[PDB]
Each structure stands twice: as C-alpha cells, then as structure tokens.
Amino acid sequence: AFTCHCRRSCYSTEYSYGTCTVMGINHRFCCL
Ligand SMILES: [Cl-]
Ligand SMILES: [Cl-]
C-alpha cells in the first residue's frame, strides 16, 4: 500500500503528489 499525508512540506523521503487543502490552506499531498 501507499500512505499519503497533507503537509506544508513533504519529507525528503516523500513524493509531492498534488495539492491538499487543509482548513482552507494549500498543503502538499505527500506520499511514500
Ligand atoms: Cl505496504
Ligand atoms: Cl497492500
């Protein structure tokens, strides 16, 4: 499986896969 998190900045081990809107705020959708 793959796991993704909405983050303001992806970790170095994660791939930035599009935008996630959190509480109205633009975040990255960070997957690994
Ligand atoms: Cl897995
Ligand atoms: Cl799986």
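Using the numbering of Swiss-Prot, the residues shown for chain A are 69-100, in order.
Determined by X-ray crystallography, 2.1 Å, according to the entry header.
Placement of Cβ uses the backbone N, Cα and C atoms for every residue, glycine included.
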Of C78, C88, which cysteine does Swiss-Prot list as the disulfide partner of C98?
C78
Swiss-Prot pairs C72 with one of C88, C99 in a disulfide bond, so which one is it?
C99
If you count other C-beta atoms within 10 angstroms, which of the disulfide-bonded residues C78, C88, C98 is the most crowded?
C98
Taking 10 A as the limit, how many CB atoms besides its own sit near the CB of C74 (disulfide bond)?
15
